[PDB]
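I have placed the structure first, in the form of structure tokens, so that the comments after it can refer back to it.
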Amino acid sequence: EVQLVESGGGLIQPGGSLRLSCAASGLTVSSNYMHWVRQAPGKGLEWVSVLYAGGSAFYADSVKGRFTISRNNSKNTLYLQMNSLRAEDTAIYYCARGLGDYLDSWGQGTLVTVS
Amino acid sequence: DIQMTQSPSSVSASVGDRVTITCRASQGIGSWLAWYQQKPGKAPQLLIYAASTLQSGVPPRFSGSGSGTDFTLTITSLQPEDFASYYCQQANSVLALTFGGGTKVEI
Amino acid sequence: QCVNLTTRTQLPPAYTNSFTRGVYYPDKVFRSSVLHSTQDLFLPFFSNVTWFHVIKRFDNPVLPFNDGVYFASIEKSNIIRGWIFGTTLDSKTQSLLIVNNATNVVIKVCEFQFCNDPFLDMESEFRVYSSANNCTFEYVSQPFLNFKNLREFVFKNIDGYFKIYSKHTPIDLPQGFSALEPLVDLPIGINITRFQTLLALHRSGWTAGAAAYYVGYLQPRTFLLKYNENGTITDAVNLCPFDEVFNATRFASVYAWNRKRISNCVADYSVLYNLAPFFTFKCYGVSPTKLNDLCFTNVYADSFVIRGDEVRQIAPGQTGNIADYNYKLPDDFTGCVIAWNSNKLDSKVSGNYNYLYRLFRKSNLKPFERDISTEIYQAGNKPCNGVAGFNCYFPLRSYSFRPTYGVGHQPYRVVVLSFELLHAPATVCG
Amino acid sequence: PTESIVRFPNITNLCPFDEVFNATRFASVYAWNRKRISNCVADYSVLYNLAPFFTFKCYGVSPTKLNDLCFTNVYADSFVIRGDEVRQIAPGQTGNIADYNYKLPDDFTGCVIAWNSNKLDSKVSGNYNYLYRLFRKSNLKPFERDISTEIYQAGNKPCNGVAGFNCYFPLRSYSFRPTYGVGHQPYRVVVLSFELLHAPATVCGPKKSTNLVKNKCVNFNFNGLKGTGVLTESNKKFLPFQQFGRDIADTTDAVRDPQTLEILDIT
Ligand SMILES: *[C@@H]1O[C@H](CO)[C@@H](O)[C@H](O)[C@H]1NC(C)=O
Ligand SMILES: *[C@@H]1O[C@H](CO)[C@@H](O)[C@H](O)[C@H]1NC(C)=O
Ligand SMILES: *[C@@H]1O[C@H](CO)[C@@H](O)[C@H](O)[C@H]1NC(C)=O
Ligand SMILES: *[C@@H]1O[C@H](CO)[C@@H](O)[C@H](O)[C@H]1NC(C)=O
Ligand SMILES: *[C@@H]1O[C@H](CO)[C@@H](O)[C@H](O)[C@H]1NC(C)=O
Ligand SMILES: *[C@@H]1O[C@H](CO)[C@@H](O)[C@H](O)[C@H]1NC(C)=O
Ligand SMILES: *[C@@H]1O[C@H](CO)[C@@H](O)[C@H](O)[C@H]1NC(C)=O
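Chains as they are written, first to last, in this note's numbering: chain A, 1 to 115; chain B, 1001 to 1107; chain C, 2001 to 2430; chain D, 3001 to 3267.
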């Protein structure tokens, strides 16, 4: 009884600015953790970005910079924004929700390519 | 610091067979393992969580047993519907989940 | 770039009397036909100085700079060049370098890496230092210069001031009286505890002429100075039982951390400072060395068990699930946190479910606040009355412990000590 | 007592005093710089029209008497410290800051200048451009440099480098957040130390030249020293380094005036 929608795919040049949208359906993003995951063609999942239920965000070593997340509680839509991208960073992206140590909610994705 | 790897890469078996797919971890993780499915062109689905319990709605086919390092998934009957990939998820104190390679099952 | 010398000859040092040497102007003031007394570092009469002779002979030893030094040297044909002042004579400290070449005089202080045997060699070779990278102070000064020449030098290092004394007059140490006017005051502001001299060698190869110099010591002594009308100097004449909280068999819950208040005793930090098992001694605000000196009016103790990840995450510069929804550190924290491994206990055959911690909270948590996590958690639009639904559940989770985890994935016994400042009198000060 | 006799030493082009103030990159508390300023205009009166001090307490010197004293030696220093430790600059005060980095001697003359830094020296990230010293086996001499990179020793066990518990790094960074607090806000401190000694003045304030008058009982001001008497040449010869003389009663009876360079007996 839970579903997710995503928007923002298209053609983006390398080293550009792109904004992503993830509107939760039936859940409030201010009371639970947001999750991001990638599925490259021929590869597997790995860390992308996780937003806390409060005003803090966690990043890995490679994605420590260049990332800024500012969620909006008016429309309950998750916002993801980056300012620089490389040639190896294009794959399908999914926004996700889950509990501690495991994630449950999933959805569709938006595809973006660079050249 | 931590990395996940899987010895099997592509195992082909019939419906009445055991895939025997396991995930190798350098250090011990206590009952914090989950297995997922990756369908090509379709959304992923839940199988288990914490490697000891079963998620609601999941048919009773996927199981698991392991204390800290040796986790093996056991399937009583390999249905033709669930032919997807396998991934092992392990996390430290923070919710930093780690994923390894994918194992493909073919007819 | 240095060249070692292996032709040095070892001889015992000699000594020379110091009848009427080691007198200078106490200050820049001028007095005439009046007797005045000052308390300053002078050279007492009938003292003992060391006789150094240069002629091969290349006696260049190193002596400690305990106090001011009086340098007397009979000089001919410009043998000596300068002196090196420094603590350890390496790049780790700042050391002086005085050289007077054929053109001018330059005073440079840097991190000179003096070799084992520094010396000088027309003159076109300067093997004194290798290189320097971080130094700013550089000074350029005017040239200060049978044997017929004698020089007297007195160097003092008081209040971060480097005063050089020079006097040129024609002529064993001769017996006589002479004045010694100050020339250059330089505020170097550096620590000096050892010194060495410089010898110049002339190739033929590396020949040293007949020269000698004296090294003396200065002691505090009052002196009398007599002047005349012409304006010249004529002559001179209940302990806290900490083992209960550091060796308890069982601790409290992670979210329900125990609150304890123990006081009216002395702070004996050396008891737990020398303990073996603990390896973490991170402190902020107050240094551990000073912690046995100052007085604190508040002592707080915390008792909870958690792994080393939260021990490293206790700093306010980083956040986390526990660091935001269970327990956070104030920005003005001045205390310390102590943790140690406890793998020898708290590990049964099965898992332990006696320790629980909070996972979800609506907002941040105020530090040092008691919160009870017993109510149901709601995430969707419709709340539940304790039902374990899809969106509504209990945030608490159990623990799993095994003796085959990683290097840092083990629970630690964590105790938190916090120090606060208040106008109330201190109940614990020892 | 009508007017003065001699002028103060000649004035030259005004020093670049705007370089030491209004700085954008301040030095560390332990790695402070030194510079020499001489033979130019003393223009400390405009600092009141500059940014407010609010820490202008001074011991032994009047705040508005700097124009007529004309101290000959300067000592310009660049210090960084928090707002809580701005009161620890006073001499005779103990503490880790006042015993491991820098301290003020009892016979110190002058005062320091500090002001708020709320507008600048702050960003979204932590400012790690300044470091201090926390551990040493000995105290500090006044006005003494201390550049340390070697590791500290804590116990009989030697340490080759950094250790978890055996030894600690003697240098620690600063955490200057915009919302850290007003009491912990960093303050820029500049030191202006005096000497209060009768010395040949090389820097002075912009005054008015006065024609020489002799054999008149009028007041005079010789490098900030007042008095009344008559001026008459004599036969005494002074050394080029020496400037003035004193009698048995410690009363000034001679002075070396600039340019003209005569005797000018006080009485
Ligand atoms: C100086 O010391 C040496 C030994 O250190 C001694 O033989 C000599 O007599 C001393 N001279 C005087 C004047 O005391
Ligand atoms: C000689 O000394 C002057 C200053 O004392 C310096 O500028 C110059 O470089 C020196 N020359 C040599 C060859 O060392
Ligand atoms: C000292 O010099 C080195 C270059 O050799 C430089 O990397 C370092 O930053 C300098 N240290 C300081 C404190 O200026
Ligand atoms: C003092 O100076 C006078 C001349 O000014 C001179 O005749 C006399 O010899 C000097 N005194 C001494 C001791 O040289
Ligand atoms: C705790 O016990 C150990 C040995 O069981 C002992 O070495 C240690 O000193 C004790 N702690 C205190 C604070 O006495
Ligand atoms: C220093 O900067 C302030 C900034 O407004 C300026 O008003 C002032 O004139 C500057 N000082 C000088 C001497 O120019
Ligand atoms: C100067 O060096 C000596 C010798 O190492 C040492 O004993 C003394 O404490 C040092 N002084 C300072 C102020 O560091």
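Even for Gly, the Cβ is constructed at its ideal location relative to N, Cα and C.
May I ask which residues mark the beginning and end of the beta strand (DSSP E) holding residue i?
{"i": "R2312/C", "result": "Note, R2312/C: premise wrong, no beta strand (DSSP E); alpha helix (DSSP H) at 2308–2313."}
{"i": "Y2161/C", "result": "2161–2165"}
{"i": "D2185/C", "result": "2182–2186"}
{"i": "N1092/B", "result": "That residue, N1092/B, is in no beta strand (DSSP E); it is neither H nor E in DSSP."}
{"i": "residue 118/A", "result": "Lying before the first or after the last residue shown, residue 118/A is absent from chain A, which here runs from 1 to 115."}
{"i": "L1073/B", "result": "1072–1075"}
Is the beta carbon of residue i within less than 6 Å of some heavy atom of ligand 6?
{"i": "residue 1992/C", "result": "For chain C, the structure presents residues 2001 to 2430; residue 1992/C sits outside this window and is missing."}
{"i": "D3121/D", "result": "no"}
{"i": "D2027/C", "result": "no"}
Pull up the distance between the alpha-carbon of residue i and that of residue j, whole angstroms please.
{"i": "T2232/C", "j": "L3239/D", "result": "10 Å"}
{"i": "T2193/C", "j": "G3205/D", "result": "41 Å"}
{"i": "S1093/B", "j": "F2279/C", "result": "21 Å"}
{"i": "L3192/D", "j": "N3073/D", "result": "10 Å"}
{"i": "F2333/C", "j": "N2104/C", "result": "57 Å"}
{"i": "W106/A", "j": "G98/A", "result": "9 Å"}
{"i": "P2118/C", "j": "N2101/C", "result": "16 Å"}
{"i": "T3012/D", "j": "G3227/D", "result": "28 Å"}
{"i": "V3080/D", "j": "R3133/D", "result": "13 Å"}
{"i": "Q108/A", "j": "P2367/C", "result": "40 Å"}
{"i": "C3070/D", "j": "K3216/D", "result": "26 Å"}
{"i": "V37/A", "j": "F67/A", "result": "15 Å"}
{"i": "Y3048/D", "j": "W3115/D", "result": "12 Å"}
Starting from residue i, trace the alpha helix (DSSP H) both ways and give me its first and last residue.
{"i": "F2153/C", "result": "Where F2153/C is concerned, there is no enclosing alpha helix (DSSP H), although the beta strand (DSSP E) it sits in stretches over 2149–2158."}
{"i": "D104/A", "result": "Counting along the chain, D104/A falls outside any alpha helix (DSSP H), though it belongs to the beta strand (DSSP E) covering 102–105."}
{"i": "residue 1988/C", "result": "The question about residue 1988/C has no answer here: the residues shown for chain C are numbered 2001 through 2430."}
{"i": "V2245/C", "result": "2243–2246"}
{"i": "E3019/D", "result": "3017–3020"}
{"i": "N2101/C", "result": "Segment: none, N2101/C is in no alpha helix (DSSP H) and carries neither H nor E."}
Under 6 Å: does the beta carbon of residue i sit that close to some heavy atom of ligand 7?
{"i": "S3138/D", "result": "yes"}
{"i": "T2193/C", "result": "yes"}
When you measure from the CB of residue i to every non-hydrogen atom of ligand 2, does any distance come out below 6 Å?
{"i": "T2207/C", "result": "no"}
{"i": "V3218/D", "result": "no"}
{"i": "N2101/C", "result": "yes"}
{"i": "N2104/C", "result": "yes"}
Could you check whether the Cβ of residue i sits closer than 6 Å to any heavy atom belonging to ligand 5?
{"i": "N2341/C", "result": "no"}
Under 6 Å from any heavy atom of ligand 1, does the C-beta of residue i make it?
{"i": "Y2015/C", "result": "yes"}
{"i": "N2133/C", "result": "no"}
For a test of your reading of the model: does the CB of residue i fall under 6 Å from any non-hydrogen atom of ligand 4? Yes or no.
{"i": "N2230/C", "result": "yes"}
- Item | Interface residues of the region 6–35 of chain A facing chain B [CB-CB below 9 Å] | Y33, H35
- Got a sec: which bits of the region 2356–2382 of chain C sit with their beta carbon under 7 Å from any beta carbon on chain A, in order along the chain? Here the close residues are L2359, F2360, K2362, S2363, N2364, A2379, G2380.
- Evaluate contact between the region 2181–2195 of chain C and the region 2156–2166 of chain C, counting only Cβ atoms and requiring at least three cross-stretch pairs below 8 Å. With a cut-off of 8 Å on Cβ pairs, the region 2181–2195 of chain C is in contact with the region 2156–2166 of chain C, counting three or more such pairs.
- Cβ-based contacts, 8 Å cut-off: residues of the region 2085–2104 of chain C near chain A: Identification of residues in the region 2085–2104 of chain C having a C-beta nearer than 8 Å to some C-beta of chain A yields an empty set.
- Query: Going along the chain, which residues of the region 2022–2043 of chain C sit with their C-beta nearer than 7 Å to a C-beta in chain D?
  - Reply: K2028, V2029, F2030, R2031, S2032, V2034
- Determine which residues of the region 3169–3184 of chain D have a Cβ less than 9 Å from any Cβ of chain C, and write them out in chain order. Cβ contacts with chain C come from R3172, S3175, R3177, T3179, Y3180, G3181, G3183, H3184.
- Query: Given a limit of 8 Å on CB to CB distance, which residues of the region 1078–1098 of chain B reach chain C?
  - Reply: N1092, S1093, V1094, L1095
- Query: Along the region 84–104 of chain A, what residues have a CB closer than 7 Å to any CB found in chain B?
  - Reply: Listed by position, the residues of the region 84–104 of chain A near chain B (Cβ gap below 7 Å) are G100, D101, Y102, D104.
- Message: Output needed in chain order: residues of the region 1026–1039 of chain B with a Cβ under 9 Å from some Cβ in chain C.
- Response: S1026, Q1027, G1028, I1029, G1030, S1031, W1032
- Between the region 2259–2270 of chain C and chain D, which residues of the former have a C-beta closer than 8 Å to a C-beta of the latter? none
- Task: Return the residues of the region 44–69 of chain A that lie within a Cβ-Cβ distance of less than 9 Å from chain C, sorted by chain order.
- Result: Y52, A53, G54, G55, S56, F58
- Message: Using 8 Å as the cut-off, can you tell me whether the region 2006–2013 of chain C makes contact with the region 2044–2059 of chain C, which would need three or more C-beta pairs spanning the two stretches below that distance?
- Response: yes
- Cβ contact check for the region 9–27 of chain A and the region 78–86 of chain A: 3 or more pairs under 8 Å: yes
- Message: With three or more C-beta pairs closer than 8 Å as the rule, is the region 3001–3009 of chain D touching the region 2266–2278 of chain C?
- Response: no
- Task: State whether the region 2108–2122 of chain C contacts the region 2078–2093 of chain C, with contact taken as three or more CB pairs (one from each stretch) at a distance under 8 Å.
- Result: yes
- Do the region 2172–2182 of chain C and the region 2127–2135 of chain C make contact, defined as three or more Cβ pairs closer than 8 Å? no
- Query: Going along the region 2389–2402 of chain C in order, which residues come within less than 9 Å of chain A, judged by CB to CB distance?
  - Reply: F2390, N2391, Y2393, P2395, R2397
- Item | Validate contact between the region 2259–2273 of chain C and the region 2291–2301 of chain C using beta carbons, cut 8 Å, 3 pairs | yes
- Task: Below 8 Å between beta carbons is the criterion; list the residues of the region 3220–3251 of chain D that meet it against any residue of chain C, in chain order.
- Result: Cβ contacts with chain C: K3236, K3237, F3238, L3239, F3241, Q3242, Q3243, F3244, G3245, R3246, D3247, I3248.
- In the region 2290–2321 of chain C, which residues sit with their C-beta less than 8 Å from some C-beta in chain B, listed in chain order? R2307, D2309, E2310, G2320, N2321
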